[PDB]
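Student: So that we are looking at the same thing, I have put the structure below in structure tokens.
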Amino acid sequence: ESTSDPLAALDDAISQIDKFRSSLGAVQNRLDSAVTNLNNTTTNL
Amino acid sequence: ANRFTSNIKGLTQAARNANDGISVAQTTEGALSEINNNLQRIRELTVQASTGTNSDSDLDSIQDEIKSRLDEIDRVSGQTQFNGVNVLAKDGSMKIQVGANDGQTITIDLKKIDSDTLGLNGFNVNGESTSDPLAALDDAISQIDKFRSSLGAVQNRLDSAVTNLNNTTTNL
Amino acid sequence: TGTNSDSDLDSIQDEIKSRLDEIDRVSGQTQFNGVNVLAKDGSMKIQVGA
Amino acid sequence: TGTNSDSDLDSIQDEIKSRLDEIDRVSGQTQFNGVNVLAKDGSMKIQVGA
Amino acid sequence: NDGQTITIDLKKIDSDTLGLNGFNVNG
Amino acid sequence: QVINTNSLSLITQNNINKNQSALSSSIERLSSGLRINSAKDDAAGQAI
Amino acid sequence: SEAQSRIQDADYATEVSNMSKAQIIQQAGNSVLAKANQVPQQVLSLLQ
Amino acid sequence: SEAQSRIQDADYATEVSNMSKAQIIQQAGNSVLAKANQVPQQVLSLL
Amino acid sequence: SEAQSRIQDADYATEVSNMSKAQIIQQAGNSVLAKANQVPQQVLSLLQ
């Protein structure tokens with residue numbers, strides 16, 4: 001019937017979403033750093 | 001920031017719920033005050049019928065008025081409700097989510113009040129007669145006072161709750 | 001809370017079901033460049049080292 | 001005071017007990033960022049020196 | 001894209017649908 | 001220095017809401033003419 | 001009756017000053033709130 | 001009536017604060033966009 | 001007569017409160033409407 005601990009489950013889902021977003025956030029930072037490094041390397045080459 | 005905003009919204013909702021509980025408690029207190037006034041009137045009527053100078057027809061009239069007062073007590077006890085849930089006909093508890101998180105609540109003890117629970121059913125001053133009328137009436141009045149006092153502190157508790165909750169939302 | 005009635009719970013449950021349906025919907029039918037992202041457990045590999 | 005009767009003392013005691021359990025409640029249930037500020041004897045440090 | 005829609009449920013609201021089809025109080 | 005939150009209106013509103021209860025209690029006690037209108041004021045004095 | 005009136009029947013001379021003080025505090029709170037809602041307006045001056 | 005007012009009514013202080021906040025954000029956004037929408041002229045200023 | 005007056009005549013208190021409420025609502029609405037007319041003004045500054 002009714003969920004046992006609804007607020008706990010909702011917090012767990014929000015935590016999963018936040019973890020996914022955090023894991024996604026660093027990847028584009030890595031990609032931007034790679035873009036800058038590739039630009040510098042292309043200039044020097 | 002996500003955790004903070006979740007906490008803030010939960011705290012605001014909990015404050016709203018505590019205000020709703022305050023309203024419920026105030027309504028129940030009004031009903032109890034009405035029942036108390038009726039009990040005081042019926043006690044004065046019993047004091048009147050206690051003496052021996054009155055004739056038999058006087059006892060009959062006093063008993064008719066007493067029975068009318070008892071019926072009114074039972075009626076206001078049974079028909080009182082707030083937002084579709086009765087207050088004075090069920091012995092359950094009212095749990096109010098005030099902590100903005102799972103589990104923690106505040107309970108309101110609701111007791112079924114009627115002519116039977118208070119006793120002195122079939123009071124019958126006319127006939128037979130109750131053994132100790134004024135004693136039973138004082139017992140019922142004391143029960144009403146106990147219920148009002150146990151309900152009286154609840155709204156003070158909830159006001160403290162809403163004040164602390166507002167402070168917590170401000171700081172968060 | 002306990003102060004609300006049964007029909008109140010009905011309305012709140014209807015709204016919660018609507019929001020959950022929307023959650024599943026947006027989880028289903030959002031894609032980039034013709035490939036879905038929130039429905040496939042794999043990982044995209046992007047060549048950046050030339 | 002000595003002018004009140006027994007039932008008055010019981011009512012005052014009910015009010016006192018309600019206040020006391022409310023004290024315990026607000027103490028145990030007040031938390032910040034997932035830690036209980038009024039439920040532990042520990043200490044937290046604020047890295048201020050860089 | 002085809003199949004990516006949101007459905008809006010509707011109902012036929014009338015006195016007959018509501019009930020009593022001529023509710024009265026004067027007998 | 002930030003516009004997303006005033007950071008002062010909140011404290012002012014909390015103070016106003018705190019004063020509102022005292023104002024309402026005073027206004028009610030003027031018209032009622034009685035010290036303890038409900039058990040919220042003094043549940044101990046109600047029985048007395 | 002005298003005893004109950006000692007218990008009940010809050011004195012008016014106290015409550016009138018109480019409500020007057022409450023009104024003054026509420027007016028001051030409204031004034032300082034209207035004042036406080038104006039400090040984020042200067043942030044616009046930083047732009048242009 | 002008190003309960004319904006708690007539910008449906010809006011305390012005007014919060015709404016005035018929200019109006020002022022949103023108006024300031026709108027004006028700031030318009031002002032910053034007035035400059036943001038114009039930085040392609042640099043390549044024009046090149047020639 | 002009292003039963004008839006129970007219907008026709010109006011409680012002056014609720015009516016004056018409704019009058020005050022309507023006055024304040026109209027003033028607030030007219031103010032926010034006046035403030036809402038300058039919203040489309042930024043476009044001419046954008047054209048500059």
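Following the order of the structure tokens, chains are lettered A, B, ..., residues in each are numbered from 1, and ligands are numbered from 1.
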Could you list the residues in chain F lying within 8 Å of chain H, using only C-alpha atoms, and format the result as a list in words?

Tutor: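 Putting it all together, I get residues 3, 4, 5, 9 and 13 of chain F.
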
Student: For chain C fitted to chain D over all Cα atoms in order, what RMSD does a least-squares superposition give?

Tutor: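 RMSD over all C-alpha atoms: 0.4 Å.
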
Student: Work out how far atom CA of residue 24 of chain B is from atom CA of residue 30 of chain D, in Å to one decimal.

Tutor: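 So the answer is 25.3 Å.
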
Student: Residues at most 10 Å from segment 93-98 of chain B, counting only C-alpha atoms, excluding those fewer than 5 positions away in the same chain, as a PyMOL selection string?

Tutor: (chain B and resi 10-22+24-25+87+103-111+158+161-162+165) or (chain C and resi 1-4)

Student: I'd like to know which residues of chain D are strand (DSSP E) (by DSSP, run on the backbone); could you write them as a VMD selection string?

Tutor: chain D and resid 31 to 32 35 to 36

Student: Tell me as an MDAnalysis selection string which residues belonging to chain A come within 10 Å of chain B, counting only C-alpha atoms.

Tutor: chainID A and resid 4:8 11 14:15 18

Student: Measuring between only C-alpha atoms, which one of B:53, B:26, B:155, B:149 shows the shortest distance to chain H?

Tutor: B:26

Student: Give the helix (DSSP H, G or I) residues of chain D, as DSSP finds them on the backbone, and put them as a PyMOL selection string.

Tutor: chain D and resi 6-28

Student: Quick one: residues within 12 Å of residue 42 of chain G, only C-alpha atoms, excluding same-chain residues fewer than 3 positions away - as a list in words?

Tutor: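 Contacts, in chain order: residues 1, 2 and 3 of chain F; 36, 37, 38, 39, 45, 46, 47 and 48 of chain G; 24 and 28 of chain H.
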
Student: With only C-alpha atoms as the counted atoms, please give the residues lying no more than 12 Å from residue 31 of chain D, apart from itself and same-chain residues fewer than 5 positions off, as number ranges by chain.

Tutor: B: 4, 7, 11, 99-101, 165, 168-169, 171-172; D: 25-26, 36-40

Student: Go ahead and write the residues just picked, N, CA and C atoms, as a short mmCIF file (atom, residue, chain, number, x, y, z; two decimals), in the first residue's frame.

Tutor:
```
data_model
loop_
_atom_site.label_atom_id
_atom_site.label_comp_id
_atom_site.auth_asym_id
_atom_site.auth_seq_id
_atom_site.Cartn_x
_atom_site.Cartn_y
_atom_site.Cartn_z
N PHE B 4 19.75 22.24 0.32
CA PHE B 4 19.28 23.42 1.04
C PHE B 4 17.86 23.79 0.62
N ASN B 7 15.30 21.34 1.93
CA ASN B 7 15.04 21.58 3.35
C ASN B 7 14.15 22.80 3.55
N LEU B 11 10.47 22.84 5.25
CA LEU B 11 10.22 23.58 6.48
C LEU B 11 9.03 24.52 6.33
N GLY B 99 8.24 18.61 11.41
CA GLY B 99 9.69 18.59 11.39
C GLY B 99 10.32 18.68 10.02
N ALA B 100 9.51 18.72 8.96
CA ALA B 100 9.99 18.83 7.58
C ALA B 100 10.84 17.65 7.16
N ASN B 101 10.77 16.55 7.90
CA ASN B 101 11.51 15.34 7.55
C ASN B 101 10.70 14.14 7.99
N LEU B 165 10.51 27.26 13.21
CA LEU B 165 10.60 26.90 11.80
C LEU B 165 10.87 28.12 10.94
N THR B 168 14.44 28.94 11.29
CA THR B 168 15.27 27.97 10.57
C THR B 168 15.26 28.25 9.08
N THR B 169 14.09 28.55 8.51
CA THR B 169 14.04 28.89 7.09
C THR B 169 14.83 30.16 6.80
N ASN B 171 17.49 31.32 8.39
CA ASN B 171 18.92 31.04 8.45
C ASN B 171 19.37 30.15 7.29
N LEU B 172 18.53 29.20 6.88
CA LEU B 172 18.90 28.34 5.76
C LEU B 172 18.92 29.12 4.45
N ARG D 25 12.12 17.67 21.86
CA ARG D 25 11.84 17.52 20.44
C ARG D 25 12.63 18.52 19.61
N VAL D 26 12.57 19.80 19.97
CA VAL D 26 13.27 20.81 19.19
C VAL D 26 14.77 20.63 19.31
N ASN D 36 23.33 16.87 13.31
CA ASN D 36 22.52 17.38 14.41
C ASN D 36 23.38 18.27 15.28
N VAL D 37 22.98 19.53 15.43
CA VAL D 37 23.80 20.49 16.15
C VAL D 37 23.62 20.34 17.66
N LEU D 38 22.43 19.92 18.09
CA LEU D 38 22.11 19.86 19.51
C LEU D 38 22.02 18.44 20.05
N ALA D 39 22.48 17.44 19.30
CA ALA D 39 22.39 16.05 19.72
C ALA D 39 23.74 15.39 19.94
N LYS D 40 24.84 16.12 19.77
CA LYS D 40 26.17 15.53 19.91
C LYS D 40 27.07 16.50 20.66
#
```

Student: Taking only C-alpha atoms into account, name the residue in G:44, G:28, G:33, G:13 that is nearest to residue 30 of chain F.

Tutor: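 Among the listed residues, G:13 lies closest to residue 30 of chain F.
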
Student: Could you please select, counting only C-alpha atoms, the residues of chain F within 6 Å of chain B and state them as a ChimeraX atom specification?

Tutor: /F:39-40,43,47

Student: Any chance you could export the current selection's N, CA, C and O atoms as a JSON list (two decimals), in the first residue's frame?

Tutor:
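So the final result, stored in selection-v8.json, reads:
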```json
[["chain", "number", "residue", "atom", "x", "y", "z"],
["F", 39, "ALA", "N", -7.75, 28.19, 26.54],
["F", 39, "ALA", "CA", -6.76, 27.46, 27.33],
["F", 39, "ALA", "C", -5.34, 27.70, 26.84],
["F", 39, "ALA", "O", -4.39, 27.37, 27.55],
["F", 40, "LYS", "N", -5.18, 28.25, 25.63],
["F", 40, "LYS", "CA", -3.85, 28.60, 25.14],
["F", 40, "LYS", "C", -3.19, 29.63, 26.04],
["F", 40, "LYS", "O", -1.97, 29.60, 26.25],
["F", 43, "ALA", "N", -4.00, 27.44, 30.62],
["F", 43, "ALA", "CA", -4.83, 26.25, 30.81],
["F", 43, "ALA", "C", -5.00, 25.92, 32.29],
["F", 43, "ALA", "O", -5.96, 25.24, 32.66],
["F", 47, "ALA", "N", -9.52, 25.80, 34.72],
["F", 47, "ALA", "CA", -10.20, 24.92, 35.66],
["F", 47, "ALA", "C", -10.55, 25.67, 36.94],
["F", 47, "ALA", "O", -11.62, 25.45, 37.52]]
```

Student: Rounded to one decimal in Å, what is the spacing between atom CA of residue 118 of chain B and atom CA of residue 81 of chain B?

Tutor: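 Here the two named atoms are 19.3 Å from each other.
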